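K.L.:
Next comes the structure file my_file_0.cif, holding mmCIF, C-alpha atoms; chains and numbers go by the auth columns.
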```
data_model
loop_
_atom_site.group_PDB
_atom_site.id
_atom_site.type_symbol
_atom_site.label_atom_id
_atom_site.label_comp_id
_atom_site.label_asym_id
_atom_site.label_seq_id
_atom_site.Cartn_x
_atom_site.Cartn_y
_atom_site.Cartn_z
_atom_site.B_iso_or_equiv
_atom_site.auth_seq_id
_atom_site.auth_asym_id
ATOM 1 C CA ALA A 1 0.000 0.000 0.000 0.00 1 A
ATOM 2 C CA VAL A 2 2.249 2.854 -1.242 0.00 2 A
ATOM 3 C CA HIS A 3 0.807 6.217 -0.339 0.00 3 A
ATOM 4 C CA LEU A 4 1.428 9.944 -0.290 0.00 4 A
ATOM 5 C CA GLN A 5 -0.732 12.074 1.999 0.00 5 A
ATOM 6 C CA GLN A 6 -0.531 15.844 1.530 0.00 6 A
ATOM 7 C CA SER A 7 -1.450 18.666 3.895 0.00 7 A
ATOM 8 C CA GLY A 8 -4.546 20.845 3.897 0.00 8 A
ATOM 9 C CA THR A 9 -5.740 23.832 1.923 0.00 9 A
ATOM 10 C CA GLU A 10 -3.729 27.038 2.210 0.00 10 A
ATOM 11 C CA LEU A 11 -5.082 30.581 2.262 0.00 11 A
ATOM 12 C CA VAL A 12 -2.041 32.828 1.929 0.00 12 A
ATOM 13 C CA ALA A 13 -1.519 36.543 1.462 0.00 13 A
ATOM 14 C CA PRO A 14 0.876 38.190 -1.012 0.00 14 A
ATOM 15 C CA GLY A 15 4.474 38.075 0.119 0.00 15 A
ATOM 16 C CA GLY A 16 4.857 35.487 2.831 0.00 16 A
ATOM 17 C CA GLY A 17 5.976 32.021 1.917 0.00 17 A
ATOM 18 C CA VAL A 18 4.280 28.742 2.696 0.00 18 A
ATOM 19 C CA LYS A 19 5.853 25.345 3.260 0.00 19 A
ATOM 20 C CA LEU A 20 3.851 22.277 2.207 0.00 20 A
ATOM 21 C CA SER A 21 4.280 18.683 3.316 0.00 21 A
ATOM 22 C CA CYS A 22 3.978 15.146 1.965 0.00 22 A
ATOM 23 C CA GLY A 23 3.951 12.187 4.340 0.00 23 A
ATOM 24 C CA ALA A 24 5.146 9.074 2.493 0.00 24 A
ATOM 25 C CA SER A 25 4.296 5.599 3.745 0.00 25 A
ATOM 26 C CA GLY A 26 4.427 2.004 2.579 0.00 26 A
ATOM 27 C CA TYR A 27 7.955 2.203 1.228 0.00 27 A
ATOM 28 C CA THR A 28 11.436 3.081 2.441 0.00 28 A
ATOM 29 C CA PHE A 29 11.460 6.844 1.992 0.00 29 A
ATOM 30 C CA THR A 30 15.138 7.238 1.128 0.00 30 A
ATOM 31 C CA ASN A 31 14.892 4.684 -1.708 0.00 31 A
ATOM 32 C CA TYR A 32 12.955 7.058 -3.962 0.00 32 A
ATOM 33 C CA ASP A 33 13.220 10.688 -4.935 0.00 33 A
ATOM 34 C CA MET A 34 10.222 12.912 -4.306 0.00 34 A
ATOM 35 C CA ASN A 35 8.961 15.140 -7.082 0.00 35 A
ATOM 36 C CA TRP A 36 6.690 18.140 -7.064 0.00 36 A
ATOM 37 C CA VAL A 37 4.242 19.260 -9.722 0.00 37 A
ATOM 38 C CA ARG A 38 2.086 22.373 -10.057 0.00 38 A
ATOM 39 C CA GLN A 39 -1.357 22.541 -11.704 0.00 39 A
ATOM 40 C CA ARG A 40 -3.198 25.755 -12.529 0.00 40 A
ATOM 41 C CA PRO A 41 -6.397 26.336 -14.608 0.00 41 A
ATOM 42 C CA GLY A 42 -4.710 27.907 -17.637 0.00 42 A
ATOM 43 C CA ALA A 43 -0.939 27.174 -17.907 0.00 43 A
ATOM 44 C CA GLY A 44 -1.545 23.468 -17.040 0.00 44 A
ATOM 45 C CA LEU A 45 0.500 20.810 -15.243 0.00 45 A
ATOM 46 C CA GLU A 46 4.071 21.942 -14.660 0.00 46 A
ATOM 47 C CA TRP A 47 6.915 19.975 -13.108 0.00 47 A
ATOM 48 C CA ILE A 48 8.613 21.823 -10.264 0.00 48 A
ATOM 49 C CA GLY A 49 11.624 19.758 -9.228 0.00 49 A
ATOM 50 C CA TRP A 50 12.930 16.848 -7.178 0.00 50 A
ATOM 51 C CA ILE A 51 14.777 15.900 -3.989 0.00 51 A
ATOM 52 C CA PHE A 52 16.565 12.748 -2.845 0.00 52 A
ATOM 53 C CA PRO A 53 16.063 11.744 0.828 0.00 53 A
ATOM 54 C CA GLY A 54 19.331 9.830 0.686 0.00 54 A
ATOM 55 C CA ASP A 55 21.568 12.887 0.522 0.00 55 A
ATOM 56 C CA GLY A 56 19.402 15.980 0.065 0.00 56 A
ATOM 57 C CA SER A 57 19.953 16.608 -3.617 0.00 57 A
ATOM 58 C CA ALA A 58 17.840 19.287 -5.243 0.00 58 A
ATOM 59 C CA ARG A 59 17.292 19.486 -8.981 0.00 59 A
ATOM 60 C CA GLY A 60 14.878 22.189 -9.949 0.00 60 A
ATOM 61 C CA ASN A 61 12.988 23.505 -12.912 0.00 61 A
ATOM 62 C CA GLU A 62 14.596 26.738 -14.036 0.00 62 A
ATOM 63 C CA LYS A 63 11.071 28.203 -14.086 0.00 63 A
ATOM 64 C CA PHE A 64 10.871 27.706 -10.306 0.00 64 A
ATOM 65 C CA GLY A 65 14.437 28.705 -9.558 0.00 65 A
ATOM 66 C CA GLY A 66 13.639 30.964 -6.625 0.00 66 A
ATOM 67 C CA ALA A 67 9.994 30.198 -5.881 0.00 67 A
ATOM 68 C CA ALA A 68 10.483 26.692 -4.503 0.00 68 A
ATOM 69 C CA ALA A 69 12.619 25.098 -1.790 0.00 69 A
ATOM 70 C CA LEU A 70 12.522 21.326 -1.690 0.00 70 A
ATOM 71 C CA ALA A 71 13.604 19.963 1.659 0.00 71 A
ATOM 72 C CA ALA A 72 13.047 16.450 3.002 0.00 72 A
ATOM 73 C CA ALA A 73 12.958 15.093 6.551 0.00 73 A
ATOM 74 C CA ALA A 74 13.836 11.475 7.204 0.00 74 A
ATOM 75 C CA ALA A 75 12.396 9.961 10.407 0.00 75 A
ATOM 76 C CA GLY A 76 9.418 11.811 9.062 0.00 76 A
ATOM 77 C CA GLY A 77 9.193 9.769 5.853 0.00 77 A
ATOM 78 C CA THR A 78 8.092 13.299 5.016 0.00 78 A
ATOM 79 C CA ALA A 79 8.916 15.715 2.175 0.00 79 A
ATOM 80 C CA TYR A 80 8.328 19.492 2.060 0.00 80 A
ATOM 81 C CA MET A 81 8.156 22.194 -0.601 0.00 81 A
ATOM 82 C CA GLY A 82 8.556 25.724 0.641 0.00 82 A
ATOM 83 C CA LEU A 83 7.112 28.294 -1.741 0.00 83 A
ATOM 84 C CA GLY A 84 8.473 31.857 -1.941 0.00 84 A
ATOM 85 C CA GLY A 85 6.863 35.280 -2.203 0.00 85 A
ATOM 86 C CA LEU A 86 3.425 34.254 -3.355 0.00 86 A
ATOM 87 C CA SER A 87 1.703 36.465 -5.868 0.00 87 A
ATOM 88 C CA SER A 88 -1.588 35.401 -7.364 0.00 88 A
ATOM 89 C CA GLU A 89 0.394 33.799 -10.189 0.00 89 A
ATOM 90 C CA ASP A 90 1.114 31.113 -7.618 0.00 90 A
ATOM 91 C CA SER A 91 -2.489 30.179 -6.795 0.00 91 A
ATOM 92 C CA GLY A 92 -3.055 26.536 -7.690 0.00 92 A
ATOM 93 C CA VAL A 93 -2.879 22.900 -6.681 0.00 93 A
ATOM 94 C CA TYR A 94 0.435 21.364 -5.812 0.00 94 A
ATOM 95 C CA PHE A 95 1.154 17.689 -6.166 0.00 95 A
ATOM 96 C CA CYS A 96 3.558 15.359 -4.474 0.00 96 A
ATOM 97 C CA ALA A 97 4.698 12.672 -6.892 0.00 97 A
ATOM 98 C CA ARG A 98 6.937 9.615 -6.904 0.00 98 A
ATOM 99 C CA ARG A 99 8.008 6.968 -9.421 0.00 99 A
ATOM 100 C CA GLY A 100 6.902 3.350 -9.509 0.00 100 A
ATOM 101 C CA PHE A 101 9.807 1.560 -11.158 0.00 101 A
ATOM 102 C CA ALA A 102 13.380 2.844 -11.314 0.00 102 A
ATOM 103 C CA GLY A 103 13.723 2.426 -15.052 0.00 103 A
ATOM 104 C CA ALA A 104 10.909 4.884 -15.723 0.00 104 A
ATOM 105 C CA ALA A 105 10.807 8.495 -14.498 0.00 105 A
ATOM 106 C CA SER A 106 7.041 8.216 -14.914 0.00 106 A
ATOM 107 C CA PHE A 107 5.116 9.287 -11.817 0.00 107 A
ATOM 108 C CA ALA A 108 3.168 6.231 -10.660 0.00 108 A
ATOM 109 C CA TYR A 109 2.341 7.553 -7.184 0.00 109 A
ATOM 110 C CA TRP A 110 0.681 10.857 -6.370 0.00 110 A
ATOM 111 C CA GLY A 111 -0.425 12.799 -3.332 0.00 111 A
ATOM 112 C CA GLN A 112 -4.028 14.022 -3.348 0.00 112 A
ATOM 113 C CA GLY A 113 -2.905 17.594 -3.915 0.00 113 A
ATOM 114 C CA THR A 114 -2.640 20.697 -1.748 0.00 114 A
ATOM 115 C CA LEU A 115 -4.662 23.734 -2.785 0.00 115 A
ATOM 116 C CA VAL A 116 -2.921 27.027 -2.327 0.00 116 A
ATOM 117 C CA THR A 117 -4.909 30.209 -2.828 0.00 117 A
ATOM 118 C CA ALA A 118 -3.162 33.562 -2.566 0.00 118 A
ATOM 119 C CA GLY A 119 -5.541 36.355 -1.597 0.00 119 A
ATOM 120 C CA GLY A 120 -5.266 39.382 0.662 0.00 120 A
ATOM 121 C CA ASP B 1 12.558 23.033 -22.969 0.00 1 B
ATOM 122 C CA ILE B 2 10.883 20.198 -24.800 0.00 2 B
ATOM 123 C CA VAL B 3 7.313 21.038 -25.798 0.00 3 B
ATOM 124 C CA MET B 4 4.485 18.585 -25.830 0.00 4 B
ATOM 125 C CA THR B 5 1.564 19.563 -28.003 0.00 5 B
ATOM 126 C CA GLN B 6 -1.826 18.080 -27.604 0.00 6 B
ATOM 127 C CA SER B 7 -3.613 19.773 -30.502 0.00 7 B
ATOM 128 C CA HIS B 8 -7.114 18.632 -29.533 0.00 8 B
ATOM 129 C CA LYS B 9 -8.138 20.205 -26.219 0.00 9 B
ATOM 130 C CA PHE B 10 -11.364 18.257 -26.627 0.00 10 B
ATOM 131 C CA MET B 11 -12.346 15.136 -28.512 0.00 11 B
ATOM 132 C CA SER B 12 -15.854 13.889 -29.043 0.00 12 B
ATOM 133 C CA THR B 13 -16.546 10.199 -28.724 0.00 13 B
ATOM 134 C CA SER B 14 -19.257 7.754 -27.705 0.00 14 B
ATOM 135 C CA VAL B 15 -19.521 4.862 -25.293 0.00 15 B
ATOM 136 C CA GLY B 16 -18.509 1.668 -27.056 0.00 16 B
ATOM 137 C CA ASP B 17 -16.479 3.644 -29.586 0.00 17 B
ATOM 138 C CA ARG B 18 -12.716 3.890 -30.179 0.00 18 B
ATOM 139 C CA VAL B 19 -10.570 7.014 -29.717 0.00 19 B
ATOM 140 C CA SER B 20 -7.049 8.144 -30.280 0.00 20 B
ATOM 141 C CA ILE B 21 -5.448 11.199 -28.746 0.00 21 B
ATOM 142 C CA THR B 22 -2.164 12.456 -30.157 0.00 22 B
ATOM 143 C CA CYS B 23 0.920 14.085 -28.694 0.00 23 B
ATOM 144 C CA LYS B 24 3.878 15.665 -30.405 0.00 24 B
ATOM 145 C CA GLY B 25 7.048 16.468 -28.526 0.00 25 B
ATOM 146 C CA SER B 26 9.008 19.227 -30.179 0.00 26 B
ATOM 147 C CA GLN B 27 12.069 16.969 -29.993 0.00 27 B
ATOM 148 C CA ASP B 28 12.777 13.272 -30.286 0.00 28 B
ATOM 149 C CA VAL B 29 12.232 11.974 -26.785 0.00 29 B
ATOM 150 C CA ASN B 30 12.647 8.414 -27.972 0.00 30 B
ATOM 151 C CA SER B 31 10.547 6.263 -25.673 0.00 31 B
ATOM 152 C CA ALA B 32 10.668 8.387 -22.504 0.00 32 B
ATOM 153 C CA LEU B 33 7.006 9.285 -22.488 0.00 33 B
ATOM 154 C CA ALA B 34 4.054 8.847 -20.156 0.00 34 B
ATOM 155 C CA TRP B 35 0.266 9.102 -20.344 0.00 35 B
ATOM 156 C CA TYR B 36 -1.876 10.111 -17.405 0.00 36 B
ATOM 157 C CA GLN B 37 -5.621 10.307 -16.794 0.00 37 B
ATOM 158 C CA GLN B 38 -7.184 12.865 -14.484 0.00 38 B
ATOM 159 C CA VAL B 39 -10.684 13.209 -13.130 0.00 39 B
ATOM 160 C CA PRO B 40 -11.914 16.433 -11.469 0.00 40 B
ATOM 161 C CA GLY B 41 -10.774 16.991 -7.891 0.00 41 B
ATOM 162 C CA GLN B 42 -8.380 14.095 -8.290 0.00 42 B
ATOM 163 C CA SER B 43 -4.675 13.726 -8.919 0.00 43 B
ATOM 164 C CA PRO B 44 -3.347 12.361 -12.204 0.00 44 B
ATOM 165 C CA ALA B 45 -3.213 8.589 -12.571 0.00 45 B
ATOM 166 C CA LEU B 46 -0.413 6.949 -14.540 0.00 46 B
ATOM 167 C CA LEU B 47 -1.832 4.968 -17.449 0.00 47 B
ATOM 168 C CA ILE B 48 1.061 4.434 -19.812 0.00 48 B
ATOM 169 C CA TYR B 49 4.807 4.233 -19.206 0.00 49 B
ATOM 170 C CA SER B 50 7.627 4.161 -21.788 0.00 50 B
ATOM 171 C CA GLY B 51 5.501 5.152 -24.760 0.00 51 B
ATOM 172 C CA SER B 52 3.571 1.896 -25.089 0.00 52 B
ATOM 173 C CA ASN B 53 3.552 0.125 -21.727 0.00 53 B
ATOM 174 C CA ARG B 54 0.582 -0.198 -19.459 0.00 54 B
ATOM 175 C CA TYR B 55 1.023 0.470 -15.793 0.00 55 B
ATOM 176 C CA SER B 56 -0.244 -2.000 -13.223 0.00 56 B
ATOM 177 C CA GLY B 57 -3.989 -2.469 -12.808 0.00 57 B
ATOM 178 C CA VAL B 58 -4.583 -0.440 -15.935 0.00 58 B
ATOM 179 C CA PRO B 59 -7.346 -2.036 -18.104 0.00 59 B
ATOM 180 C CA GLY B 60 -6.909 -3.542 -21.545 0.00 60 B
ATOM 181 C CA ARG B 61 -8.850 -0.877 -23.452 0.00 61 B
ATOM 182 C CA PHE B 62 -5.996 1.437 -22.745 0.00 62 B
ATOM 183 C CA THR B 63 -3.195 1.283 -25.247 0.00 63 B
ATOM 184 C CA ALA B 64 -0.580 3.741 -26.410 0.00 64 B
ATOM 185 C CA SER B 65 2.002 3.862 -29.147 0.00 65 B
ATOM 186 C CA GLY B 66 4.709 6.032 -30.521 0.00 66 B
ATOM 187 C CA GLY B 67 8.430 6.147 -30.237 0.00 67 B
ATOM 188 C CA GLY B 68 10.114 9.197 -31.584 0.00 68 B
ATOM 189 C CA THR B 69 8.388 12.526 -31.845 0.00 69 B
ATOM 190 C CA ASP B 70 4.746 11.533 -32.306 0.00 70 B
ATOM 191 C CA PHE B 71 2.732 9.531 -29.796 0.00 71 B
ATOM 192 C CA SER B 72 -0.858 8.245 -29.702 0.00 72 B
ATOM 193 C CA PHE B 73 -3.047 7.210 -26.770 0.00 73 B
ATOM 194 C CA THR B 74 -5.856 4.838 -27.604 0.00 74 B
ATOM 195 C CA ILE B 75 -9.054 3.369 -26.159 0.00 75 B
ATOM 196 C CA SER B 76 -10.460 0.252 -27.863 0.00 76 B
ATOM 197 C CA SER B 77 -13.998 0.597 -26.508 0.00 77 B
ATOM 198 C CA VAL B 78 -14.723 3.750 -24.488 0.00 78 B
ATOM 199 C CA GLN B 79 -16.671 3.516 -21.214 0.00 79 B
ATOM 200 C CA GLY B 80 -18.527 6.248 -19.370 0.00 80 B
ATOM 201 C CA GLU B 81 -15.693 6.646 -16.839 0.00 81 B
ATOM 202 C CA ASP B 82 -13.092 7.366 -19.507 0.00 82 B
ATOM 203 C CA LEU B 83 -14.580 10.728 -20.346 0.00 83 B
ATOM 204 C CA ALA B 84 -11.796 12.465 -18.507 0.00 84 B
ATOM 205 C CA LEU B 85 -8.571 14.336 -19.144 0.00 85 B
ATOM 206 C CA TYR B 86 -5.491 12.680 -20.599 0.00 86 B
ATOM 207 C CA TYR B 87 -2.062 14.178 -20.183 0.00 87 B
ATOM 208 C CA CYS B 88 1.120 13.660 -22.171 0.00 88 B
ATOM 209 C CA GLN B 89 4.513 13.921 -20.381 0.00 89 B
ATOM 210 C CA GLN B 90 8.096 13.636 -21.524 0.00 90 B
ATOM 211 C CA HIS B 91 10.692 12.202 -19.108 0.00 91 B
ATOM 212 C CA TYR B 92 13.683 12.050 -21.446 0.00 92 B
ATOM 213 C CA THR B 93 15.430 15.299 -20.500 0.00 93 B
ATOM 214 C CA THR B 94 14.801 17.902 -17.836 0.00 94 B
ATOM 215 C CA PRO B 95 12.953 20.065 -17.394 0.00 95 B
ATOM 216 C CA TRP B 96 10.172 17.400 -17.487 0.00 96 B
ATOM 217 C CA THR B 97 7.138 18.831 -19.308 0.00 97 B
ATOM 218 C CA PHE B 98 3.474 17.986 -19.889 0.00 98 B
ATOM 219 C CA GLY B 99 1.123 18.475 -22.806 0.00 99 B
ATOM 220 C CA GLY B 100 -1.840 20.805 -22.317 0.00 100 B
ATOM 221 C CA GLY B 101 -4.196 17.885 -22.036 0.00 101 B
ATOM 222 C CA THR B 102 -7.075 16.450 -24.028 0.00 102 B
ATOM 223 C CA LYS B 103 -10.544 16.120 -22.507 0.00 103 B
ATOM 224 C CA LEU B 104 -12.730 13.379 -23.983 0.00 104 B
ATOM 225 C CA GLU B 105 -16.385 14.275 -24.173 0.00 105 B
ATOM 226 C CA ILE B 106 -19.580 12.523 -25.284 0.00 106 B
ATOM 227 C CA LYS B 107 -20.956 13.439 -28.713 0.00 107 B
ATOM 228 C CA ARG B 108 -24.700 14.145 -28.753 0.00 108 B
#
```
Take the structure I supplied and represent it as structure tokens, if you would.

P.N.:
Amino acid sequence: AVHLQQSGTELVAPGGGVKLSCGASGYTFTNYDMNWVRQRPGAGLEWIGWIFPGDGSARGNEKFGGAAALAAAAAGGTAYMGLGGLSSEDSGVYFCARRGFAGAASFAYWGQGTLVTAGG
Amino acid sequence: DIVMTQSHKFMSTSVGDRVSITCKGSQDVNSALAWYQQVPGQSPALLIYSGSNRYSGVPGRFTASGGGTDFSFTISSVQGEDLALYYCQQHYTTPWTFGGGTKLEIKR
């Protein structure tokens, strides 16, 4: 029973960052890298970046260079994505995603999504 | 950045019919391509891995082909619960990117 459980809805004001979480269970956390994806109405599904729980590596989409900080906490089996200085351009649903095999970077496991809404 | 184009935002079909959605990566991404299905309020579900391989638990009416720059997702006999969104994704070179999606809808 592999599973990714994400945290609740976020109502955030301009400026001010927010850090989201993803509790991973059913598999050894460090064995797989955690990925993050963004989904907005227009603009679509966009890959954010990844992090390895084995050593803390961080490869990120140029498009999210400053906006996202991917940190992971072992003993938590938990992953986090800290978002920057939220403008409305950041309002959307954020997904926690993992692979299934290790010969396919396809995302076979997904969190249920965390809705972030930026309003003042 | 590789670009995945799903030309048909919407595609009309019927229950019991056959459909084919197409994707076109701007570059040759060989076989590094995935297909996902998404239903409202839900996260994407992996349907196809490596261009033509089914994922686990994924039904037989779901097929996919391609291996180069053009890829096609296919449903042998469409069921009422397949009238969702299908996303294209390239995992050949970063940054990973997704197509804009194709929503299947019932013709009437």

K.L.:
Quick one: which residues from chain B are at most 6 Å off chain A, using all atoms listed in the file, as a list in words?

P.N.:
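Every residue meeting the condition is included here: residues 43, 46, 91, 95 and 100 of chain B.
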
K.L.:
Which protein, DNA or RNA residues have an atom at most 12 Å from (11.3, 11.1, 9.1), counting all atoms listed in the file? List them as an MDAnalysis selection string.

P.N.:
chainID A and resid 21:25 28:30 53:54 71:80

K.L.:
Go through A:50, A:68, A:118, A:19 and flag the residue nearest residue B:94, using only C-alpha atoms for the distances.

P.N.:
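Smallest separation from residue B:94 among the options: A:50.
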
K.L.:
At a cut-off of 8 Å, using all atoms listed in the file, what residues contact residue B:29? Leave out same-chain residues fewer than 4 positions from it and give the result as a ChimeraX atom specification.

P.N.:
/B:25,33,67-69,90-93

K.L.:
Please identify all polymer residues within 8 Å of stretch 3-15 of chain B, counting all atoms listed in the file, omitting same-chain residues fewer than 2 positions from it, and present them as number ranges by chain.

P.N.:
B: 1, 17-19, 21-27, 77-80, 88-90, 97-107

K.L.:
Give me the residues near residue B:66 as a list in words, where near means some atom within 8 Å (using all atoms listed in the file) and where sequence neighbours in that chain fewer than 2 positions away do not count.

P.N.:
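Result of the neighbour search: residues 31, 51, 52, 64, 68, 69, 70, 71 and 72 of chain B.
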
K.L.:
Tell me which of A:51, A:87, A:41, A:102 sits closest to residue A:120, counting only C-alpha atoms.

P.N.:
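Going through A:51, A:87, A:41, A:102 one by one, the smallest distance to residue A:120 is for A:87.
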
K.L.:
Expand the PyMOL selection byres ((chain A and resi 88) around 8) into the individual residues it matches in the shown file, reporting them as a PDB file with C-alpha atoms, keeping the file's coordinate frame.

P.N.:
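Result file result.pdb:
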```
ATOM      1  CA  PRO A  14       0.876  38.190  -1.012  1.00  0.00           C
ATOM      2  CA  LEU A  86       3.425  34.254  -3.355  1.00  0.00           C
ATOM      3  CA  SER A  87       1.703  36.465  -5.868  1.00  0.00           C
ATOM      4  CA  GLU A  89       0.394  33.799 -10.189  1.00  0.00           C
ATOM      5  CA  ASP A  90       1.114  31.113  -7.618  1.00  0.00           C
ATOM      6  CA  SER A  91      -2.489  30.179  -6.795  1.00  0.00           C
ATOM      7  CA  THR A 117      -4.909  30.209  -2.828  1.00  0.00           C
ATOM      8  CA  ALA A 118      -3.162  33.562  -2.566  1.00  0.00           C
ATOM      9  CA  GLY A 119      -5.541  36.355  -1.597  1.00  0.00           C
TER      10      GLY A 119
END
```

K.L.:
Any chance you could resolve the PyMOL selection byres ((chain B and resi 40) around 12) against this file and give the residues as a list in words?

P.N.:
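Output of the PyMOL selection byres ((chain B and resi 40) around 12): residues 41, 112 and 113 of chain A; 37, 38, 39, 41, 42, 43, 44, 45, 81, 83, 84, 85, 86 and 103 of chain B.
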
K.L.:
Any chance you could export the current selection's C-alpha atoms as a PDB file, keeping the file's coordinate frame?

P.N.:
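Result file follows (out25.pdb):
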```pdb
ATOM      1  CA  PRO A  41      -6.397  26.336 -14.608  1.00  0.00           C
ATOM      2  CA  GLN A 112      -4.028  14.022  -3.348  1.00  0.00           C
ATOM      3  CA  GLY A 113      -2.905  17.594  -3.915  1.00  0.00           C
TER       4      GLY A 113
ATOM      5  CA  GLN B  37      -5.621  10.307 -16.794  1.00  0.00           C
ATOM      6  CA  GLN B  38      -7.184  12.865 -14.484  1.00  0.00           C
ATOM      7  CA  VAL B  39     -10.684  13.209 -13.130  1.00  0.00           C
ATOM      8  CA  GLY B  41     -10.774  16.991  -7.891  1.00  0.00           C
ATOM      9  CA  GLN B  42      -8.380  14.095  -8.290  1.00  0.00           C
ATOM     10  CA  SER B  43      -4.675  13.726  -8.919  1.00  0.00           C
ATOM     11  CA  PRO B  44      -3.347  12.361 -12.204  1.00  0.00           C
ATOM     12  CA  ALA B  45      -3.213   8.589 -12.571  1.00  0.00           C
ATOM     13  CA  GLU B  81     -15.693   6.646 -16.839  1.00  0.00           C
ATOM     14  CA  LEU B  83     -14.580  10.728 -20.346  1.00  0.00           C
ATOM     15  CA  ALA B  84     -11.796  12.465 -18.507  1.00  0.00           C
ATOM     16  CA  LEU B  85      -8.571  14.336 -19.144  1.00  0.00           C
ATOM     17  CA  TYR B  86      -5.491  12.680 -20.599  1.00  0.00           C
ATOM     18  CA  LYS B 103     -10.544  16.120 -22.507  1.00  0.00           C
TER      19      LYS B 103
END
```

K.L.:
Could you tell me how far atom CA of residue B:49 lies from atom CA of residue A:6, in Å and to one decimal?

P.N.:
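Separating atom CA of residue B:49 from atom CA of residue A:6 is a distance of 24.4 Å.
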
K.L.:
Measure the distance from atom CA of residue A:33 to atom CA of residue A:4 in Å and round it to one decimal.

P.N.:
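Atom CA of residue A:4 lies 12.7 Å from atom CA of residue A:33.
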
K.L.:
How many Å separate atom CA of residue A:35 from atom CA of residue B:36?

P.N.:
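These atoms are spaced 15.8 Å apart.
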
K.L.:
As AutoDock Vina command-line options, what would the box around stretch 10-14 of chain B look like: edges along x, y and z, 6 Å added on every side, centre and edge lengths in Å to one decimal?

P.N.:
```
--center_x -15.3 --center_y 13.0 --center_z -27.8 --size_x 19.9 --size_y 22.5 --size_z 14.4
```

K.L.:
When the PyMOL selection byres ((chain B and resi 60) around 12) is applied to the structure above, which residues does it catch, written out as number ranges by chain?

P.N.:
B: 47-48, 53-59, 61-64, 74-78
